[PDB]
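Please read the structure below before turning to the comments.
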Amino acid sequence: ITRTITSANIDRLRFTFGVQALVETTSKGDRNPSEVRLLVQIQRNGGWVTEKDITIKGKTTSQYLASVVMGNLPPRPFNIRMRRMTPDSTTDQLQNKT
Amino acid sequence: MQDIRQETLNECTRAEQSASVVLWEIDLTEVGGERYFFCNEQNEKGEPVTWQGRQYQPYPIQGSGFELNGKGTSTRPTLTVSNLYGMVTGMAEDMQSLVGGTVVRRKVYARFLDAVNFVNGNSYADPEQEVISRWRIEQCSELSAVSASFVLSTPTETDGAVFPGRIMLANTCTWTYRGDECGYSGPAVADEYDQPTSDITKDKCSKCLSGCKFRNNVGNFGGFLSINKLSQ
Amino acid sequence: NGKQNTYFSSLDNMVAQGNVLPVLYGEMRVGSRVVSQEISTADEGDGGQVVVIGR
Amino acid sequence: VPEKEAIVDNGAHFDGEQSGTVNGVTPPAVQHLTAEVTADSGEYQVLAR
Ligand code: SF4
């Protein structure tokens, strides 16, 4: 997902991300935690730079939302994006949606 | 002990002495007027008394009550000067009651007075011998057609002073405009009612946050914002 | 309850509005007037590029 | 001096809002309310966050 920033006077930027669930169900019915990774990117200079490395690990069947704060923002015409480095789940038992 | 010159002390210890002359200088430079020199009596030749080059003018003036005591309250001497001809009335209506000016008192023995005064001259003239004390006018206790009376005070008086003296306010800036603390020096921007203007004569700060934002000087705001939320 | 006070020491945090800004002249423990105070949720990032959430 | 009445009446210029109800001290609503029913411990429980 990508969006751009147009406001003139801002000093820091906060990204609120999360996962809908992370429970992993075995064939018998046991539940185990899983993990997922994200990248938050800002277009400094001419190439995208990954500001942060994010890893969420645990068991939950409801949304868990976390926030991280940025700084040293480039000049305003910059744009931002977030991307996923974990392969999209194919089996229905995995349930790790970013 | 004041560093009085030796010849003055030798004059003090003598059995028979020369006349003692008190010379008054009223300084209105800080207020905005000119300095005035007076003396109680004329010289021997019927001319104004000459000390150094000042040429103090004859005029009925007297000051009584001077003292050196720090145990109790301040001294507050009194000075009386006549205004039969209306001089003091004109200085009082021009210079706002002559309140805040300096009064300087000198005591010089007639022996050391300038040679111009005496008809035969003075062989002992020495312009360095005097005793000086400074005061500041405080009030005009009386003013009539006969005389006018002032009460002096020390320059270092502590009547209306509280020490820390700086108030933390939520909405008002305490600095002086364009002062050292405010640190603004630029084109005229606004009036005291946050109305745009460009004349330099009517450029004042409203001491409000908008009045400060007109100058883009929010960084140096005197007051501390959003305290009233906490105090509540 | 009989605690005795003096004019040159204060060890607790006082309200800000309408009060003077104090002056400190020597080495001493101080409690100071509060200009701001808030409670919010804390960000997970600790300032580094790598951040790990959960176990 | 009768001329001081008009000087006193003119008041001053105040900055802000007379109502001042945009932001008092009433707390806002809690951000993310979620309730989860888990039978992992062998019993039905509700976890509010
Ligand atoms: S409000 Fe701003 S511009 Fe006005 S005196 Fe205070 S610091 Fe200076």
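Letters A, B, ... go to the chains of the structure tokens in the order shown; residues in each chain start at 1; ligands are counted from 1 in the same order.
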Residue list (strand (DSSP E), DSSP) for chain A, as a PDB file with C-alpha atoms, in the first residue's frame:
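Contents of selection_4.pdb, as written:
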ATOM      1  CA  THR A   2       1.386   3.429  -0.796  1.00  0.00           C
ATOM      2  CA  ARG A   3       0.299   6.923   0.101  1.00  0.00           C
ATOM      3  CA  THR A   4       1.844  10.390  -0.146  1.00  0.00           C
ATOM      4  CA  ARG A  14       3.402   7.399  13.382  1.00  0.00           C
ATOM      5  CA  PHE A  15       2.389   4.160  11.640  1.00  0.00           C
ATOM      6  CA  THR A  16      -0.373   2.017  13.159  1.00  0.00           C
ATOM      7  CA  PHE A  17      -0.256  -1.539  11.795  1.00  0.00           C
ATOM      8  CA  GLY A  18      -1.264  -4.951  13.064  1.00  0.00           C
ATOM      9  CA  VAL A  19      -2.536  -8.428  12.275  1.00  0.00           C
ATOM     10  CA  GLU A  24      -2.185 -21.763  13.813  1.00  0.00           C
ATOM     11  CA  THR A  25      -4.434 -24.820  14.052  1.00  0.00           C
ATOM     12  CA  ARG A  31      -3.311 -23.998  18.440  1.00  0.00           C
ATOM     13  CA  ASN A  32       0.215 -22.600  18.091  1.00  0.00           C
ATOM     14  CA  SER A  34       2.997 -17.828  14.313  1.00  0.00           C
ATOM     15  CA  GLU A  35       5.010 -14.823  13.135  1.00  0.00           C
ATOM     16  CA  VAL A  36       4.921 -12.185  10.394  1.00  0.00           C
ATOM     17  CA  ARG A  37       7.237  -9.411   9.180  1.00  0.00           C
ATOM     18  CA  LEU A  38       6.610  -5.897   7.837  1.00  0.00           C
ATOM     19  CA  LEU A  39       8.650  -3.065   6.333  1.00  0.00           C
ATOM     20  CA  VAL A  40       7.925   0.668   6.560  1.00  0.00           C
ATOM     21  CA  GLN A  41       9.516   2.618   3.711  1.00  0.00           C
ATOM     22  CA  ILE A  42      10.046   6.329   3.021  1.00  0.00           C
ATOM     23  CA  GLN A  43      11.298   7.611  -0.346  1.00  0.00           C
ATOM     24  CA  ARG A  44      14.423   9.476   0.700  1.00  0.00           C
ATOM     25  CA  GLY A  47      15.265   5.218  -3.669  1.00  0.00           C
ATOM     26  CA  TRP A  48      13.055   3.641  -1.041  1.00  0.00           C
ATOM     27  CA  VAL A  49      14.658   3.125   2.377  1.00  0.00           C
ATOM     28  CA  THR A  50      13.245   0.665   4.916  1.00  0.00           C
ATOM     29  CA  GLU A  51      13.010   2.634   8.157  1.00  0.00           C
ATOM     30  CA  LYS A  52      12.132  -0.278  10.443  1.00  0.00           C
ATOM     31  CA  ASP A  53      12.204  -4.074  10.702  1.00  0.00           C
ATOM     32  CA  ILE A  54       9.045  -5.360  12.383  1.00  0.00           C
ATOM     33  CA  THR A  55       8.318  -8.852  13.717  1.00  0.00           C
ATOM     34  CA  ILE A  56       5.122  -9.866  15.534  1.00  0.00           C
ATOM     35  CA  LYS A  57       5.005 -13.214  17.344  1.00  0.00           C
ATOM     36  CA  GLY A  58       2.183 -14.571  19.471  1.00  0.00           C
ATOM     37  CA  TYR A  64      -3.584  -6.446  17.735  1.00  0.00           C
ATOM     38  CA  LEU A  65      -2.605  -2.929  16.657  1.00  0.00           C
ATOM     39  CA  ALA A  66       0.842  -1.475  17.372  1.00  0.00           C
ATOM     40  CA  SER A  67       2.367   1.901  16.525  1.00  0.00           C
ATOM     41  CA  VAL A  68       5.912   3.081  15.766  1.00  0.00           C
ATOM     42  CA  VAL A  69       7.022   6.705  15.390  1.00  0.00           C
ATOM     43  CA  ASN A  79       5.634   9.525  -0.168  1.00  0.00           C
ATOM     44  CA  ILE A  80       5.448   6.456   2.061  1.00  0.00           C
ATOM     45  CA  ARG A  81       4.613   2.770   1.756  1.00  0.00           C
ATOM     46  CA  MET A  82       4.393  -0.439   3.774  1.00  0.00           C
ATOM     47  CA  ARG A  83       5.061  -3.941   2.467  1.00  0.00           C
ATOM     48  CA  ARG A  84       5.003  -7.559   3.633  1.00  0.00           C
TER      49      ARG A  84
END
Do me a favour and pick out the residues of chain C within 12 Å of chain D, using only C-alpha atoms, as a count of residues only.
-> 4
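Selecting alpha helix (DSSP H) from the backbone DSSP output for segment 6-204 of chain B yields residues 6, 7, 8, 9, 10, 11, 12, 13, 87, 88, 89, 90, 91, 92, 93 and 94 of chain B.
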Spatial neighbours of segment 18-25 of chain B, 9 Å, only C-alpha atoms, chain gap at least 4 places, as a VMD selection string = chain B and resid 11 35 to 41 51 56 61 102 to 111
With only C-alpha atoms and all ligand atoms counted, collect every polymer residue having an atom within 12 Å of ligand 1; state the result as a compact mmCIF listing (two decimals) with C-alpha atoms, in the first residue's frame.
# COMPACT_ATOMS: atom_id res chain seq x y z
CA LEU B 169 1.11 32.84 33.21
CA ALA B 170 -0.83 30.62 30.83
CA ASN B 171 -1.92 33.19 28.23
CA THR B 172 0.22 36.34 28.62
CA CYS B 173 3.86 37.09 27.81
CA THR B 174 5.78 39.00 30.47
CA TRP B 175 8.75 40.12 28.35
CA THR B 176 9.25 43.66 27.13
CA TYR B 177 8.59 44.10 23.42
CA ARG B 178 11.71 44.16 21.23
CA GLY B 179 13.72 43.75 24.42
CA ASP B 180 16.68 41.49 24.97
CA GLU B 181 14.48 38.61 26.14
CA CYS B 182 11.88 38.81 23.36
CA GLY B 183 14.65 39.15 20.78
CA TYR B 184 12.55 40.56 17.93
CA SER B 185 14.00 43.14 15.54
CA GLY B 186 12.12 43.54 12.28
CA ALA B 188 6.33 46.67 12.01
CA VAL B 189 3.59 44.03 11.79
CA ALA B 190 0.57 44.63 14.01
CA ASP B 191 -1.10 46.95 16.51
CA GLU B 192 -1.89 46.28 20.16
CA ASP B 194 -3.92 42.45 16.59
CA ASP B 203 3.74 48.87 16.35
CA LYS B 204 3.04 47.22 19.71
CA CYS B 205 2.62 43.63 20.84
CA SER B 206 -0.66 42.54 22.41
CA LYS B 207 1.24 40.09 24.68
CA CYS B 208 -1.09 37.36 23.37
CA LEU B 209 -0.30 34.22 21.41
CA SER B 210 -1.75 35.73 18.23
CA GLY B 211 0.25 38.90 18.82
CA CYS B 212 3.34 36.73 19.04
CA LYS B 213 2.43 34.66 15.97
CA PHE B 214 2.26 37.89 13.97
CA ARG B 215 6.02 38.09 14.54
CA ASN B 216 6.62 34.34 14.01
CA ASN B 217 8.40 34.48 17.39
CA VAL B 218 6.47 31.70 19.17
CA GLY B 219 9.78 30.20 20.26
CA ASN B 220 10.49 33.01 22.71
CA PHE B 221 7.00 33.21 24.23
CA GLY B 222 7.26 34.35 27.84
CA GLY B 223 4.23 32.52 29.16
CA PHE B 224 3.81 28.77 29.56
CA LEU B 225 0.90 27.44 27.53
CA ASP D 15 -7.25 35.44 22.14
